[PDB]
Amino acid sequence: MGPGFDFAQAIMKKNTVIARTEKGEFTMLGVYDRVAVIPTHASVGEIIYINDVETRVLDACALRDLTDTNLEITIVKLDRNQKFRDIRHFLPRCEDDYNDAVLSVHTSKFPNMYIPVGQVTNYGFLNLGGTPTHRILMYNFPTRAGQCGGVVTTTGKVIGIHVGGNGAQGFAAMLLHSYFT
């Protein structure tokens, strides 16, 4: 509808796949080469389905901060025959608050879904499903099951991936440039 949705659509059309684990179907953001991200609660194993094709996982790292606190981001290297467009230059360098963000989801249940979530707070600490979690972004939208892995963007930045909600607010894990050097 406008330039927020334009940037979101550009990311979805080239930099997302549908990932399936034993824990469900997730939006998965490809960042560069064969490297992608997914919520840690997807429980990535040795094999994952990528657009319904059996794919070997070459490496998987569940990120934690230097206090040994969950960040809810798993970085996955896929045994895929094709690279992602390199979008690392759209990643923020530091923790921040944002205006006018879009959450974009693409799964079998929710194809071509875009949600204007509005203002995004650097929330910080969240007890996410019982697990202490840091670097959480919050937006005041009633996000639902099937949105995990959804990409959070502003115009010109890819800022996070959706990891949960409480019925009234949604929560994303930050993406930072330093995760992907």
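Sequential numbering from 1, following the sequence displayed.
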Once average C-alpha B-factors are taken from the entry for 35 to 43 and 127 to 135, the winner is 127 to 135
Avg C-alpha B-factor, entry values, 15 to 23 vs 166 to 174, higher side is 166 to 174
Listed options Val105, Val76, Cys94, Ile87: highest C-alpha B factor recorded at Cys94
Listed options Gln147, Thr153, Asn51, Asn70: highest C-alpha B factor recorded at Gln147
For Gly118, the third of its chain by CA B-factor is the highest
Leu58: C-alpha B-factor third of its chain, per the entry, is the middle
